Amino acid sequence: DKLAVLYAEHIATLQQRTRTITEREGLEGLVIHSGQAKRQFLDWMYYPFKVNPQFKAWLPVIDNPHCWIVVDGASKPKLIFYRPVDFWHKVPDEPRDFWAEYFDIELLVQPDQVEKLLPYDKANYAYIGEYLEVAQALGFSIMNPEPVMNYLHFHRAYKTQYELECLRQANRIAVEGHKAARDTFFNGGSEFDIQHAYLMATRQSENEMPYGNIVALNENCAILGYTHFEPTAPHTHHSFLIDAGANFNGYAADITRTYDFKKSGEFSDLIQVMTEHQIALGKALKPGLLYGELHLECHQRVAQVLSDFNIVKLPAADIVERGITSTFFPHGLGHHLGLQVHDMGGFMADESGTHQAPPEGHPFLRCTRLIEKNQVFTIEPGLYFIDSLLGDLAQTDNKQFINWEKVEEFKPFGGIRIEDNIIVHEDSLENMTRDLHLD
């Protein structure tokens, strides 16, 4: 209903984007390939299918390989829809959902017979997809041209009302998962149990997740890319960091929360001060501001915490200026969110693809684009006690300034990250995560 109505403006937006970039580049149209299933080496089984983001930008068809979109922004969008009729698969119903009527739909019963449906002379058609040797066999010469990709990726940061509603739906699902995971942690669950309570609440399997969930207990919290799920619980429950989202129509949620098992003590205090900073930074998104400036503020807030909690024996400014904050907060403040988890265009200054430079002391900041309305952001400040980086810091002049006893007291708890998904509007902010009352 609501989604069906908004979808028309979504097709209109993408039609106008196609017309603009195709005509600017002298192309008669785009051919966007959903992708193919990858077969495993020496085996008959396939890897799980992952749709081309450029394909699902047009319609919520994320589980169908060998599908093709032909668009020029002037004709009605043309869709080749893979629909095999083998007896060992449930034949799917011909496309009858809200997006069907916005396309002229040709059914494809076998992947290799796709050349009849594609354009005969395709010298002025750009193939957008991963399978370049399949494209060359079909007769395409232009493949993923950089001006077309950079244009599309740049305007991906401006979500249509259909996309906004999809991102809201994804946050509603993910938030239900986060609540069930929290409860499982406080009842003494293992990482594996917490993870599968999450999926049971989301009604989405491991491979439907938009990214590999991070479900960490105790010192695993300090491991940023922790992917394992330990099946047996730890003997003592201290902390819990879950980074997990959900999918809706190809769009992603991306939520992180950190919990203290005792819900009191110095680590519990650390979560709450970090929560204050996270809420404040999340309220600092505003059109016309460079995202890197929020990353700057975040480091100052982390330094204030390090100073106030006696983690570093320095006032806040010194901890920022000597670069010690990046030992405890080593990643960017956040990124754009949408069809991809770390969405496209976050580092661009213009639609040609020029990079927007990061701030002076953070050359690895990846999201530096100017904030505008209709853009969706993550805000994920963190403070971690990472053995590896603490080791680096002990080999510097800064070794004298860190309270090594107090850091040993926090190492069992690992670290903290608190992440929301916020829509930036013309004169307001919409925090999708906290409007669903997670906390």
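When you see a residue number, it is the position in the sequence shown, counting from 1.
Annotation for 305-313 versus 245-253: the higher mean temperature factor (C-alpha) is found in 305-313. Of the two segments, 69-77 and 86-94, the one listed with the higher mean B-factor is 86-94 (C-alpha atoms only). The residue among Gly212, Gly139, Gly346, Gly189 whose C-alpha atom has the highest B-factor in the PDB entry is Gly139.
Across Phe329, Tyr158, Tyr198, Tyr226, the greatest Cα temperature factor reported in the deposited entry is at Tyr226. When the CA B factors of the chain's modelled residues are split into thirds, the value for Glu266 lands in the highest one. In the PDB entry, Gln204 places in the lowest third of its chain by CA B-factor. When all modelled residues of the chain are sorted by CA temperature factor, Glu165 is found within the lowest third. Ranked by C-alpha B-factor against the other modelled residues of its chain, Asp63 falls in the middle third.
Ranked against the other modelled residues of its chain, the C-alpha B-factor of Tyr47 as given in the entry falls in the lowest third.
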